[PDB]
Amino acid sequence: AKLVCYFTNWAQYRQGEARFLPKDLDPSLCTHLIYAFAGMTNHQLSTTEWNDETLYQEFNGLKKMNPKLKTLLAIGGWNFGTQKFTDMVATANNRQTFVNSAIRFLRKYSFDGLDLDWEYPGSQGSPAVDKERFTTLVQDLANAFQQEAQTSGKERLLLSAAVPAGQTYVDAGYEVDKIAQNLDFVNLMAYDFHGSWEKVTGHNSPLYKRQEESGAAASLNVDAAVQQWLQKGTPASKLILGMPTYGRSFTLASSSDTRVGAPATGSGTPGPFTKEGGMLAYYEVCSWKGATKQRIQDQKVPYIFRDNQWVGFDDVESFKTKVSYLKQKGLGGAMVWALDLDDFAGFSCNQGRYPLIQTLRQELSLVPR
């Protein structure tokens, strides 16, 4: 089993106990640690924060403490957009520039692989031609990593990708059967199914549909997303089930209607540390005072409300349920977005350090013995 965990290079800017620093990294928590994010400059892999090189040293330095650990560098992410990917994959020349730069960069900074986080080929401004061009990029990288291993004698660089759960994005961008052959593993972003972009409450990451749902909505759940990727050709062993250590929040139209599917007027109030309306870290919801926690019976996940605020999130129990699910489906492991949104320092939830991610590790039978 794998436990793939994302580090984010902006968590260092949060205030107080929420500030995530190198000391908070645990070398034996996860099997694979992925650094979010690198960017691109003139079609070449590049850093995005002023101190990334310092953090790379710390991050990859964890392997001294745990030599089994593998690290990857993720390129892209939501905020990065699509244009630079589009321009880079447009020509064989630009792809070659990128691929060669990636190999040199990963070797220079001691990463074990690259995680592709283009959000997304064929959508968010990216043209339809990018679906096949993404397939080619994945192939170019896989083949070049294979060649570098042969020439250098070093262990081959890993290639993974973070991929969307919704059919609209999947079909616009991803030749699933083709790319799955060339990726070492596939990080399924089984979250952000619902959020304050909608005008009714819905859960960030429900396991199953609700009985009331129909149409496309009935596929906006973890089980449907997993089945989608499997049926379209991803080997179960390569599919890694993403898990969110955050929730998505709403302002309710009325404090008297707190159901799933109740009218909402917009994003929930920003959290005191994360300061982003519409999301909350686990450590910002786990210890809500004077609130009412509820479970969505069909969907196997909790929500919580207080006055006109409503949040769908994941807890220890829902993580257990989801690991039982992934094991039943024979998947390759779990992925987590993100280290810094769990109660990494044990300051809030009275559950010790990393209560959610330690649950994944335990349920996957990955505890260091």
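Start at 1 and count along the sequence shown; that's the residue number. Take the two forms, find the largest set of C-alpha atoms that superpose within 1.5 Å, and that set is the rigid core.
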**Complete:** The stretch that moves more in 6 other deposited structures of this protein, judged by RMS C-alpha distance from this form after core superposition, 228-236 or 81-89, is 81-89
**Asked** Would 239-247 or 151-159 have the larger average of its C-alpha temperature factors, as given in the entry?
**Response** 151-159
**Request:** Give the stretch, out of 255-263 and 274-282, with the larger mean C-alpha temperature factor in the deposited entry.
**Result:** 255-263
**Asked** Looking at 304, 339, 36, 62, which has the biggest Cα B factor in the entry?
**Response** 62
**Message:** Looking at 76, 290, 164, 121, which one carries the largest C-alpha B-factor according to the PDB entry?
**Reply:** 290
**Request:** Among all modelled residues of this chain, ranked by Cα B factor, put residue 206 in the bottom, middle or top third, i.e. lowest, middle or highest.
**Result:** lowest
**Message:** Test of reading the entry: by CA B factor among the chain's modelled residues, which third contains residue 229?
**Reply:** lowest
**Message:** When the deposited Cα B-factors of this chain's modelled residues are ordered and cut into thirds, is residue 68 in the lowest, the middle or the highest one?
**Reply:** highest
**Message:** Based on the deposited C-alpha B factors for this chain, I'd like to know if residue 357 is in the lowest, middle or highest third.
**Reply:** lowest
**Request:** Would you mind ranking residue 83 by its C-alpha B-factor against the rest of the chain and naming the third, lowest, middle or highest?
**Result:** highest
